[PDB]
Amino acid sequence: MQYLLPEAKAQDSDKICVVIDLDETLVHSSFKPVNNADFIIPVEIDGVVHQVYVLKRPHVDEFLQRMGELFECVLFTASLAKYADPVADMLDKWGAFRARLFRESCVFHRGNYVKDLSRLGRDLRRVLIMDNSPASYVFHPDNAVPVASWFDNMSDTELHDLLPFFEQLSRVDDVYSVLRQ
């Protein structure tokens, strides 16, 4: 198989690669009309245009800006691009994402859309994955930075609370020394 990522940019060669999920991690989307939604976009399903209501997780702006500076960020979602792309276009105003990986880049392993990190093409001692669903990284439990699932708690601060930890991770030689393995 071809690696999921191209050669790392000169400036990103010595940086940790961070795989970030979308749904329930950075945002929460729904087909049922919600009030005060952040994005309300059209998504075509079976020939019918449906309106998707997307809510942004608190502090996601400050989050993406900072993460984009610290690491070689990669969007890796199990959803279809027809949905994740528009959302990503509106979320990433800083070009934090060096790449976007969707459903097809996952491996359907034992009923789950798994994100195989060795598939990235980056040194695993230099790879992290943030996904509210541990099932997404069954093969690399020690490269994960646990994140709570978000739905609508406007009082949520997880993204803000995790920056200090990511800050710390960006200065270590091997992420396993911290996440052990």
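All residue numbers refer to positions in the sequence shown, first residue = 1.
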Take the C-alpha B-factors listed in the entry for 41-49 and for 121-129, compute each mean, and give the stretch with the larger one. 41-49
Selected stretch [higher average CA B-factor]: 77-85 or 90-98: 90-98
Highest Cα B-factor in the PDB entry belongs to which of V54, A144, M67, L26? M67
Whose C-alpha has the highest temperature factor in the PDB entry: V114, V34, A148, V60? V34
Could you say whether, by C-alpha temperature factor, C17 belongs to the lowest, middle or highest third of its chain? middle
Which third, lowest, middle or highest, does the C-alpha temperature factor of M154 belong to within its own chain? highest
Taking only the Cα B-factors deposited for this chain, tell me whether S170 sits in the lowest, middle or highest third. middle
